[PDB]
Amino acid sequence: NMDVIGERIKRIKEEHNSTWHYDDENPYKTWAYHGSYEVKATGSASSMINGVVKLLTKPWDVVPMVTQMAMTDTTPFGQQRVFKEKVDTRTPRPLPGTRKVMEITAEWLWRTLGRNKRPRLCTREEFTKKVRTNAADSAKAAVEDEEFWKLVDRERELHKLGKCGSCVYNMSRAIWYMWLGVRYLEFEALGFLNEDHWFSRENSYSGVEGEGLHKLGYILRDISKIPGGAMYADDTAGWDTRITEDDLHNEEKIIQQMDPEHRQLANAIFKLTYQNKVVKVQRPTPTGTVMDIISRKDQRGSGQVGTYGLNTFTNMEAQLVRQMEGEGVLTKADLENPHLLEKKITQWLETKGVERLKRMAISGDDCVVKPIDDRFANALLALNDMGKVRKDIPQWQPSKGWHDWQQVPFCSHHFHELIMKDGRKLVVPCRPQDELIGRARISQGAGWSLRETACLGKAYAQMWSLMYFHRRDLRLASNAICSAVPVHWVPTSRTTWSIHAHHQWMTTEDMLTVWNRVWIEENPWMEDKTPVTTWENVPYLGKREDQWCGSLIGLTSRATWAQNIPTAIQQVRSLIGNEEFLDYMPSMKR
């Protein structure tokens, strides 16, 4: 293991030799520990509160889920216990027949994914353009510095020699340059999966990359039309910690489709930073805070570029294998058998494969599968053997499915079919409201002006206008926030890091115009392109469903809040100053 990780540890060791030691009382049981060095503590036990949002969402001040979200630990104290709970585990090795099935499925899945697209290297100017269009943190400063690009080249020359000196995953400007450069190199070799949308629904069949939250519901409604059993959506208990050495080696087969110069750099990312890794993790001690140097040959680093794609790939593979078991193609005897017949797996993949991929919606560890029947509910031998053990359910207890696509959980959401006042149907995203309000009430970090705060608030308000307008409490709170925040202030900072977010709310353009573009114009499932002229024609969930999904509708405190909301708007306005404000409350029934 050391002839791959040695150089990186050697560099950390030399750089921090002042405080470098072997802390014999380290908590690593499954990870190989190398040593520690003293550092300053990072993060907090709490989260900064967005006063603009809080002042306009008073009934949620006394709501447990909302209070819970204001917390979330990021200190070495919080970092160490979260690591213990899942990261410090070992997945047993899948059986020889399981390993063969995964291999046959991996090979076929990669050829299917690359039937039209061809892998390619990603560039310095692609990364640069991305870093620029993200902020508009000190990554823009590094990208602008030619000295950063020089280290990148030095590291790349080591990678071409099959060596690694600075690619360390984290749980002066020199170390920041080494991190952003490690991320650039991985972006260079594996970014094409994201940048050239390999997991789009059109290229992957099961995939949903680049579709967006507003489309996921319509995708599930279309899967519901496919004849078969119920729709299954099983969560995996810590997916990234369940990525085996066999998963990594199967994921690596993509290098076969690459040009020699691309294959060489991609092989370097896989072999040196995925199938081997050097990790940095903050740990508190009775004599301060230390940064530990750990390593392992398996599991997925959640921060990395290829994480979404390679998780989508392995889940598609895992679900195809579970479908084969459901159909009686794979038996218990087959999974135990090294010499299992490749023929029947190839026969099933070449005749039923694509059709079987079309029965699924897969986004990283999130899957929705509509098998040909319900034998799938009890097809658990391979899923458990592959290491993809379902969360909070006895290992051999049959999976429970849904016969209504609207009850199906996918990507922290459920989806509703709404009938508009004109009779047209919408399929909308939904989640418990407390999670939405609770998240909007969190401002990111310290040293933030009221201006930056009001703009983040405006961003959350407009995201709600576009994605969650059907939630009565959120349309009101959204209008209230947009009334309290000056009209020309541009929503700045992201509301989410979600791959399903396309941030159409990050504008000063009229939200009803934007709504019409997303839900009517650009909506492939909206045949009638007649615009909606008024927010009064933009539908809500039925009162019942709105209440079932967390609404305070019908409560006194909520009616009080709704009644006295111009007072709170005025309070926020007076504190902001003599700016230009537009009153968005008239756009509502009140």
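Start at 1 with the first residue shown and count on from there. Superpose the two forms; the largest set of C-alphas matching within 1.5 Å is the rigid core.
Comparing C-alpha positions in 6 other deposited structures of this protein against this form, with the rigid core used for the fit, which stretch differs more, 173-181 or 468-476?
-> Relative to the shown form, the greater RMS C-alpha distance in 6 other deposited structures of this protein belongs to 173-181.
Please report whether at least a third of the other compared entries leave residue 255 without coordinates.
-> No, residue 255 is modelled in every other compared entry.
Find out whether the coordinates of residue 509 are absent in at least a third of the other compared PDB entries of the same protein.
-> Across the other compared entries, residue 509 is absent from none.
Length class of the unmodelled deposited segment, which would lie between residue 419 and residue 420 = Unmodelled stretch: none, continuous chain.
Answer with none, 1 to 3, 4 to 9, or 10 or more: how many deposited residues between residue 171 and residue 172 are not present in the coordinates.
-> Gap between residue 171 and residue 172: 10 or more residues without coordinates.
Higher-B stretch (mean Cα B-factor, as the entry records it), 187-195 or 269-277 = The recorded data point to 269-277.
Residue range whose averaged C-alpha B-factor is higher in the record, 313-321 or 113-121 = Comparing 113-121 with 313-321, the higher mean C-alpha B-factor belongs to 113-121.
Name the one of 439, 413, 400, 451 with the greatest CA B-factor according to the PDB entry.
-> By C-alpha B-factor in the record, 451 ranks first.
Out of 148, 376, 460, 468, which one has a C-alpha B factor higher than all the others in the entry?
-> Among 148, 376, 460, 468, the highest C-alpha B-factor in the entry belongs to 148.
Determine, from the deposited record, the chain-internal third of the Cα B-factor for residue 561: lowest, middle or highest.
-> Middle third.
Using the B-factor values recorded in the entry, state whether the Cα atom of residue 307 falls in the lowest, middle or highest third among the modelled residues of its chain.
-> Ranked within chain, residue 307 CA B lands in the middle tercile.
Using the B-factors in the PDB entry, rank residue 523's C-alpha atom against the chain and give the third, lowest, middle or highest.
-> Ranked within chain, residue 523 CA B lands in the lowest tercile.
Just say lowest, middle or highest third for the CA B-factor of residue 241 relative to the other modelled residues in its chain.
-> Tercile = middle for this residue's CA B-factor.
Which third of the chain holds residue 76 when residues are ordered by C-alpha B factor: lowest, middle or highest?
-> Answer is highest: the recorded C-alpha B-factor places it there.
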